[PDB]
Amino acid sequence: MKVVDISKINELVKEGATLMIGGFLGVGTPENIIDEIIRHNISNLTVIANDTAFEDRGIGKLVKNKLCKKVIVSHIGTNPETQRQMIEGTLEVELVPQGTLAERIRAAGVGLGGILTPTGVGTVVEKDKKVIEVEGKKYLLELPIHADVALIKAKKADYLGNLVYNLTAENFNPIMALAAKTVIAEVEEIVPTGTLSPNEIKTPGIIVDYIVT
């Protein structure tokens, strides 16, 4: 059975895990899963996400509690504590253009070896990237990003674990669901099979390993 108690997080997320965590500045983020990680000081984490939200919310709470060794994100500007720890050298930060982050994660999810993007060409992002010329235009070769566990948020799941999302809470969640080895979805409601139409489901239950509340 996919649905498990939230208290089981300390058994599924290990010290030093590489995690994808959904959410856009805390919107569509698994707030209850993050609270469990803080409850049990699961530390030395590498967190892949759009951002580190704010000091008081979402992924920001993990940084507040110094549980991350590394973040791979497109933005940190709204979290002064992420900047503090970056400057001190305690937290490694890999900044990634948001559209490249989406496609690098997706590439792992759909089994690609990489994608070429014009974004970042001729900027500091080009550093340590292979450049490939196609039709005289230059592209950066950007590589798939993998993770041990995806921690995602969704609006509802049906009995079979099919997920739907709600408005701008979707953002990175369905992409991370395809990219990680183990997928744990925090959802707001469990609904009967047949409540979520085949035309509307966005993540099929087959790829969701665990569901909390």
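A residue's number is simply how far along the shown sequence it sits, counting from 1.
- Of the two segments, 159-167 and 176-184, the one listed with the higher mean B-factor is 176-184 (C-alpha atoms only).
- In this entry, 10-18 has the higher mean Cα B-factor, the comparison being between 10-18 and 196-204.
- Comparing the C-alpha B-factors of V27, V63, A150, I48 in the entry, the top value falls on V63.
- The PDB entry assigns the greatest CA B-factor among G136, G114, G109, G122 to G136.
- Compared with the other modelled residues of the chain, the Cα B-factor recorded for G99 ranks in the lowest third.
- Per the deposited record, the Cα B-factor of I37 falls in the middle third when ranked against the other modelled residues of its chain.
- Among all modelled residues in its chain, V212 ranks in the middle third by Cα B-factor.
- Among all modelled residues in its chain, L140 ranks in the middle third by Cα B-factor.
- Annotation for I59: CA B-factor lies in the middle third of the chain's modelled residues.
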